[PDB]
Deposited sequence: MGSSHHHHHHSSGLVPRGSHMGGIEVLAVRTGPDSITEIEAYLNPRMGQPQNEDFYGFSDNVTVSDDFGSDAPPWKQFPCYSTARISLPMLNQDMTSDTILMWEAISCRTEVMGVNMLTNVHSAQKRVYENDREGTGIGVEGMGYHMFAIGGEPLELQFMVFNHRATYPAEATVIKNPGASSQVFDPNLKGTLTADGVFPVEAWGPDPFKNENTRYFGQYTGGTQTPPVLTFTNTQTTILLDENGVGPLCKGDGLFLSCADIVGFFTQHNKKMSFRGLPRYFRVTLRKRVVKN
């Protein structure tokens, strides 16, 4: 896109607020919303078939911007974003394996293990690279993936591309952001592994991310659409009988946009 001047005047700036609820695998408006189902493990790579509801998927939404029509596009210049409900992890009473399980004593162990925190702000869908731990994993039909993807899918294969077009069906473990594309998206990711890792979460309303590139240009919203994506896996919930499910948290978006003149 050929980028001309920032068009100033009244109603040249707009703010949107939005939230993505996590898609950890268990369904909406049932007792385990925000959790996955209990994780099963295969005996080998050949027979690996992870059941639906046992693994997280990316959350995404298209935010409709004020109607506009050289033309004007909305340009996203800055954002605030927050993981919400971090306060809930101070819960060590709700059906958790205890610190001293043998002695039937102590607090629950809380949420612990893997953390995966990622968000993207763009003017088109987030662009994805298929990459999996085990290529022979058979994903369920509810999921969007590349079927029979081959051994090369265990690392970077330039043919195995996609775009984040549906909320709660692109498995986190089978798709990542594509650094060969996403010129019109900003993406940010942090992974900390383990199964006994303590989660580390910060929250403040005073931190701003600038979305402008090296040329001072932000994501440009094609079709007057602003695209938000995340995954916010906090760790595992561990029950008394040692069963383990993913726990995730919702994510808050504030985005500021100004009118940009473009060819």
Where the model has no C-alpha, note the corresponding stretch of the deposited sequence, numbering from 1.
-> 1-23, 93-98, 293
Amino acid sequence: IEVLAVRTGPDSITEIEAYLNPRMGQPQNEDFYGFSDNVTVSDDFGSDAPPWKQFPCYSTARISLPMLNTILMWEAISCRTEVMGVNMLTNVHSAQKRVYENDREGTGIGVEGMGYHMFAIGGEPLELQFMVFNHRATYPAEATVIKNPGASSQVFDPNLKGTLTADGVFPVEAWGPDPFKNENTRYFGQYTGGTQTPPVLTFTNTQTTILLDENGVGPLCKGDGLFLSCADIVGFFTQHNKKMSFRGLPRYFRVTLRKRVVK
From here on, numbers count along this sequence of modelled residues.
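What we label the rigid core is the largest C-alpha set whose atoms superpose within 1.5 Å from one form to the other.
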Using RMS Cα distance over all structures and residues, flag whichever of 214-222 and 60-68 lies farther from this form in 6 other deposited structures of this protein after a core fit.
-> 60-68
In 6 other deposited structures of this protein, superposed on the rigid core, which stretch sits farther off in Cα RMS terms, 70-78 or 167-175?
-> 70-78
Averaging C-alpha B-factors over each stretch, which comes out higher, 190-198 or 214-222?
-> 214-222
Going by the entry, of stretches 87-95 and 142-150 the one with greater average Cα B-factor is 142-150
Please work out which residue in 231, 67, 228, 41 has the highest C-alpha B-factor recorded for this crystal structure.
-> 67
Comparing C-alpha B-factors across 121, 73, 164, 109 in this entry, the winner is 73
Third of the chain's Cα B-factor distribution that residue 129 belongs to, per the entry | lowest
Once the chain's modelled residues are ordered by C-alpha B factor and cut into thirds, is residue 169 in the lowest, middle or highest one?
-> middle
By the record's CA B-factor, is residue 27 among the lowest, middle or highest third of residues in the chain?
-> highest
Split the chain's modelled residues into thirds by Cα B-factor; residue 14 lands in the highest
Can you work out whether the C-alpha temperature factor of residue 155 puts it in the lowest, middle or highest third of the chain?
-> lowest
